$ cat data-v1.json   # JSON, C-alpha atoms
[["chain", "number", "residue", "atom", "x", "y", "z"],
["A", 483, "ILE", "CA", -11.55, 10.02, 38.50],
["A", 484, "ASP", "CA", -9.11, 12.22, 36.62],
["A", 485, "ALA", "CA", -6.16, 10.44, 38.28],
["A", 486, "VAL", "CA", -6.89, 7.54, 35.91],
["A", 487, "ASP", "CA", -4.82, 8.05, 32.76],
["A", 488, "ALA", "CA", -3.79, 5.72, 29.93],
["A", 489, "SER", "CA", -1.06, 4.10, 32.02],
["A", 490, "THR", "CA", -3.47, 3.41, 34.90],
["A", 491, "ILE", "CA", -5.86, 1.63, 32.50],
["A", 492, "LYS", "CA", -3.20, -0.85, 31.34],
["A", 493, "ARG", "CA", -2.08, -1.69, 34.87],
["A", 494, "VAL", "CA", -5.56, -2.49, 36.18],
["A", 495, "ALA", "CA", -6.32, -4.37, 32.94],
["A", 496, "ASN", "CA", -3.25, -6.55, 33.47],
["A", 497, "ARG", "CA", -4.43, -7.36, 37.03],
["A", 498, "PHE", "CA", -8.05, -8.25, 36.26],
["A", 499, "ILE", "CA", -8.36, -9.19, 32.57],
["A", 500, "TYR", "CA", -5.08, -10.42, 31.10],
["A", 501, "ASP", "CA", -4.70, -14.24, 31.11],
["A", 502, "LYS", "CA", -7.45, -14.86, 33.67],
["A", 503, "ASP", "CA", -10.37, -17.22, 34.12],
["A", 504, "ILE", "CA", -13.90, -16.27, 33.08],
["A", 505, "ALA", "CA", -17.45, -17.39, 33.83],
["A", 506, "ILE", "CA", -20.15, -17.81, 31.17],
["A", 507, "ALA", "CA", -23.92, -18.38, 31.34],
["A", 508, "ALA", "CA", -25.91, -18.75, 28.11],
["A", 509, "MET", "CA", -29.47, -19.57, 27.08],
["A", 510, "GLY", "CA", -31.39, -20.14, 23.86],
["A", 511, "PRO", "CA", -30.35, -21.21, 20.37],
["A", 512, "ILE", "CA", -26.70, -21.26, 21.42],
["A", 513, "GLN", "CA", -25.25, -24.14, 19.36],
["A", 514, "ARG", "CA", -23.05, -21.71, 17.42],
["A", 515, "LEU", "CA", -21.59, -19.91, 20.44],
["A", 516, "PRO", "CA", -17.89, -20.90, 20.88],
["A", 517, "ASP", "CA", -16.76, -23.17, 23.71],
["A", 518, "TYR", "CA", -14.73, -22.55, 26.87],
["A", 519, "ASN", "CA", -11.28, -23.20, 25.40],
["A", 520, "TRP", "CA", -12.00, -20.72, 22.61],
["A", 521, "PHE", "CA", -12.87, -18.04, 25.16],
["A", 522, "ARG", "CA", -10.04, -18.79, 27.63],
["A", 523, "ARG", "CA", -7.41, -18.63, 24.89],
["A", 524, "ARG", "CA", -8.49, -15.17, 23.76],
["A", 525, "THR", "CA", -7.71, -13.51, 27.09],
["A", 526, "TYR", "CA", -4.21, -12.93, 25.71],
["A", 527, "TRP", "CA", -2.73, -12.02, 22.36],
["A", 528, "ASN", "CA", -0.08, -14.30, 20.94],
["A", 529, "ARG", "CA", 1.02, -11.58, 18.49],
["A", 530, "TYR", "CA", 2.74, -8.77, 20.45],
["B", 10, "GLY", "CA", 6.19, -23.10, 44.75],
["B", 11, "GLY", "CA", 7.39, -19.50, 44.62],
["B", 12, "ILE", "CA", 9.65, -20.05, 41.63],
["B", 13, "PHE", "CA", 6.62, -20.82, 39.48],
["B", 14, "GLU", "CA", 5.02, -17.37, 39.67],
["B", 15, "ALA", "CA", 8.42, -15.65, 39.56],
["B", 16, "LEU", "CA", 9.52, -17.35, 36.35],
["B", 17, "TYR", "CA", 6.28, -16.29, 34.63],
["B", 18, "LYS", "CA", 6.69, -12.88, 36.35],
["B", 19, "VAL", "CA", 9.55, -11.73, 34.14],
["B", 20, "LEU", "CA", 9.62, -13.24, 30.67],
["B", 21, "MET", "CA", 6.44, -14.29, 28.73],
["B", 22, "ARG", "CA", 3.73, -11.58, 29.08],
["B", 23, "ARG", "CA", 5.45, -10.87, 25.72],
["B", 24, "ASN", "CA", 5.80, -12.85, 22.39],
["B", 25, "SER", "CA", 9.29, -12.18, 20.98],
["B", 26, "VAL", "CA", 11.15, -12.74, 24.26],
["B", 27, "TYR", "CA", 9.31, -16.10, 24.34],
["B", 28, "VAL", "CA", 10.73, -16.96, 20.89],
["B", 29, "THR", "CA", 14.15, -16.14, 22.37],
["B", 30, "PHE", "CA", 13.70, -18.67, 25.17],
["B", 31, "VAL", "CA", 12.66, -21.58, 22.90],
["B", 32, "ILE", "CA", 15.44, -20.94, 20.38],
["B", 33, "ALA", "CA", 18.18, -20.16, 22.90],
["B", 34, "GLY", "CA", 16.88, -22.89, 25.21],
["B", 35, "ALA", "CA", 17.12, -25.33, 22.33],
["B", 36, "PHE", "CA", 20.93, -24.76, 22.36],
["B", 37, "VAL", "CA", 21.85, -25.15, 26.05],
["B", 38, "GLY", "CA", 19.75, -28.28, 26.03],
["B", 39, "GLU", "CA", 21.31, -29.66, 22.84],
["B", 40, "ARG", "CA", 24.79, -29.10, 24.33],
["B", 41, "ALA", "CA", 23.78, -30.56, 27.68],
["B", 42, "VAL", "CA", 22.76, -33.82, 26.00],
["B", 43, "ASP", "CA", 25.55, -34.04, 23.41],
["B", 44, "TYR", "CA", 28.02, -33.73, 26.31],
["B", 45, "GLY", "CA", 26.53, -36.67, 28.23],
["B", 46, "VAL", "CA", 26.32, -39.02, 25.29],
["B", 47, "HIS", "CA", 29.94, -38.12, 24.46],
["B", 48, "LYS", "CA", 31.06, -39.08, 27.99],
["B", 49, "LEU", "CA", 29.04, -42.25, 28.41],
["B", 50, "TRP", "CA", 30.61, -43.41, 25.13],
["B", 51, "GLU", "CA", 34.27, -43.07, 26.12],
["B", 52, "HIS", "CA", 33.66, -44.80, 29.44],
["B", 53, "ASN", "CA", 32.15, -47.95, 28.01],
["B", 54, "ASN", "CA", 35.06, -48.29, 25.54],
["B", 55, "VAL", "CA", 38.46, -47.93, 27.24],
["B", 56, "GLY", "CA", 41.44, -49.25, 25.32],
["B", 57, "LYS", "CA", 39.54, -49.40, 22.02],
["B", 58, "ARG", "CA", 40.00, -45.94, 20.53],
["B", 59, "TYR", "CA", 42.36, -44.88, 17.77],
["B", 60, "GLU", "CA", 44.78, -43.06, 20.08],
["B", 61, "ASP", "CA", 45.17, -46.23, 22.17],
["B", 62, "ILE", "CA", 47.18, -48.03, 19.49],
["B", 63, "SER", "CA", 50.57, -48.93, 20.94],
["B", 64, "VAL", "CA", 52.38, -49.06, 17.58],
["B", 65, "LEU", "CA", 50.77, -45.99, 16.05],
["B", 66, "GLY", "CA", 53.75, -43.86, 15.03],
["B", 67, "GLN", "CA", 55.95, -46.76, 13.87],
["B", 68, "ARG", "CA", 55.18, -48.65, 10.71],
["B", 69, "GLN", "CA", 58.44, -48.45, 8.69],
["C", 10, "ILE", "CA", 1.52, 2.18, 16.96],
["C", 11, "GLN", "CA", 4.51, 2.94, 19.21],
["C", 12, "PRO", "CA", 3.84, -0.44, 20.91],
["C", 13, "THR", "CA", 3.90, -2.09, 17.45],
["C", 14, "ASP", "CA", 7.21, -0.30, 16.78],
["C", 15, "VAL", "CA", 9.09, -1.72, 19.75],
["C", 16, "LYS", "CA", 7.06, -4.96, 19.40],
["C", 17, "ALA", "CA", 8.53, -5.03, 15.89],
["C", 18, "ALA", "CA", 11.95, -4.50, 17.48],
["C", 19, "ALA", "CA", 11.89, -7.20, 20.21],
["C", 20, "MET", "CA", 11.36, -10.02, 17.64],
["C", 21, "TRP", "CA", 13.58, -8.17, 15.07],
["C", 22, "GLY", "CA", 16.32, -8.76, 17.65],
["C", 23, "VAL", "CA", 15.12, -12.42, 17.76],
["C", 24, "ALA", "CA", 15.92, -13.16, 14.08],
["C", 25, "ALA", "CA", 19.31, -11.46, 14.53],
["C", 26, "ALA", "CA", 19.97, -13.57, 17.56],
["C", 27, "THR", "CA", 18.10, -16.67, 16.12],
["C", 28, "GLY", "CA", 20.06, -16.85, 12.85],
["C", 29, "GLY", "CA", 22.94, -15.89, 15.08],
["C", 30, "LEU", "CA", 21.84, -19.19, 16.63],
["C", 31, "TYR", "CA", 21.87, -21.76, 13.78],
["C", 32, "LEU", "CA", 25.06, -21.24, 11.78],
["C", 33, "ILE", "CA", 28.29, -19.72, 13.47],
["C", 34, "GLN", "CA", 28.12, -21.51, 16.82],
["C", 35, "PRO", "CA", 30.26, -20.46, 19.84],
["C", 36, "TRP", "CA", 28.85, -23.39, 21.91],
["C", 37, "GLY", "CA", 30.29, -23.33, 25.38],
["C", 38, "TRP", "CA", 28.14, -20.37, 26.45]]
$ encode --input "data-v1.json" --output "structure tokens"
Amino acid sequence: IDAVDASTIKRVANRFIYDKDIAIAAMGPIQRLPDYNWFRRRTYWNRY
Amino acid sequence: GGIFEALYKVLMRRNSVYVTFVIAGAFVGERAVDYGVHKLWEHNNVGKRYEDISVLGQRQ
Amino acid sequence: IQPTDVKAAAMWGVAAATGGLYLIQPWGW
């Protein structure tokens, strides 16, 4: 556990999170929840 | 298909390198197309340029 | 912080070599 430092976090985050596909399931009054292209685009930051 | 992961491997996980590639790639492409228009032109018109005038130097 | 430093530097060397890319124009390379 303590062999996981700040550099280990970024390397596993780039393997699993950064610019990857997602899966969504929603239920209820969900007409104001954003759509799939809104969510897929925000898996990366076009600013850094 | 292995060039497609390898070209994304190196350059754009970043957003300032990317702006290098679209500005500096706008140049090698603009010179690759200005070169080909300037050689298809002087191949359709042989004997019609200004330096192909037989009496150029001599008016007197 | 320190990422935003260098990430200020990478595209600060884009302007330099993007306005060094619209006016003086060594064009064979």
$ interface_residues --input "data-v1.json" --of "chain B" --to "chain A" --cutoff "8 Å" --atoms "only C-alpha atoms" --output "number ranges by chain"
B: 23-25
$ interface_residues --input "data-v1.json" --of "chain B" --to "chain C" --cutoff "8 Å" --atoms "only C-alpha atoms" --output "compact mmCIF listing (two decimals) with C-alpha atoms, in the frame of the given file"
# COMPACT_ATOMS: atom_id res chain seq x y z
CA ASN B 24 5.80 -12.85 22.39
CA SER B 25 9.29 -12.18 20.98
CA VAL B 26 11.15 -12.74 24.26
CA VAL B 28 10.73 -16.96 20.89
CA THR B 29 14.15 -16.14 22.37
CA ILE B 32 15.44 -20.94 20.38
CA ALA B 33 18.18 -20.16 22.90
CA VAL B 37 21.85 -25.15 26.05
CA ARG B 40 24.79 -29.10 24.33
$ axis_aligned_box --input "data-v1.json" --around "segment 33-39 of chain B" --padding-each-side "3 Å" --output "JSON"
{"center_x": 19.4, "center_y": -24.9, "center_z": 24.2, "size_x": 11.0, "size_y": 15.5, "size_z": 9.7}
$ atom_distance --input "data-v1.json" --atom1 "atom CA of residue 494 of chain A" --atom2 "atom CA of residue 515 of chain A"
28.4 Å
$ atom_distance --input "data-v1.json" --atom1 "atom CA of residue 524 of chain A" --atom2 "atom CA of residue 495 of chain A"
14.3 Å
$ atom_distance --input "data-v1.json" --atom1 "atom CA of residue 21 of chain B" --atom2 "atom CA of residue 525 of chain A"
14.3 Å
$ decode --input "data-v1.json" --residues "segment 11-37 of chain C" --atoms "C-alpha atoms" --output "short mmCIF file (atom, residue, chain, number, x, y, z; two decimals), in the first residue's frame"
data_model
loop_
_atom_site.label_atom_id
_atom_site.label_comp_id
_atom_site.auth_asym_id
_atom_site.auth_seq_id
_atom_site.Cartn_x
_atom_site.Cartn_y
_atom_site.Cartn_z
CA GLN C 11 4.88 22.95 -11.40
CA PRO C 12 2.94 21.14 -14.16
CA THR C 13 1.32 24.49 -15.09
CA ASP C 14 4.81 26.03 -15.16
CA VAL C 15 6.27 23.68 -17.76
CA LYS C 16 2.82 23.47 -19.42
CA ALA C 17 3.17 27.24 -19.72
CA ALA C 18 6.60 26.65 -21.25
CA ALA C 19 5.76 24.01 -23.90
CA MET C 20 3.24 26.34 -25.65
CA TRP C 21 5.44 29.41 -24.84
CA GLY C 22 7.95 27.68 -27.12
CA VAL C 23 5.06 27.25 -29.62
CA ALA C 24 4.46 31.01 -30.12
CA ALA C 25 8.24 31.50 -30.47
CA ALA C 26 8.36 28.77 -33.04
CA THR C 27 4.86 29.64 -34.51
CA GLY C 28 5.61 33.33 -35.18
CA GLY C 29 8.97 31.97 -36.15
CA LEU C 30 6.69 30.18 -38.62
CA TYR C 31 4.69 32.93 -40.41
CA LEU C 32 7.11 35.73 -41.30
CA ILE C 33 10.93 34.98 -41.90
CA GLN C 34 10.62 31.71 -43.82
CA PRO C 35 13.62 29.38 -44.46
CA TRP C 36 11.40 27.01 -46.52
CA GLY C 37 13.41 24.07 -47.71
#
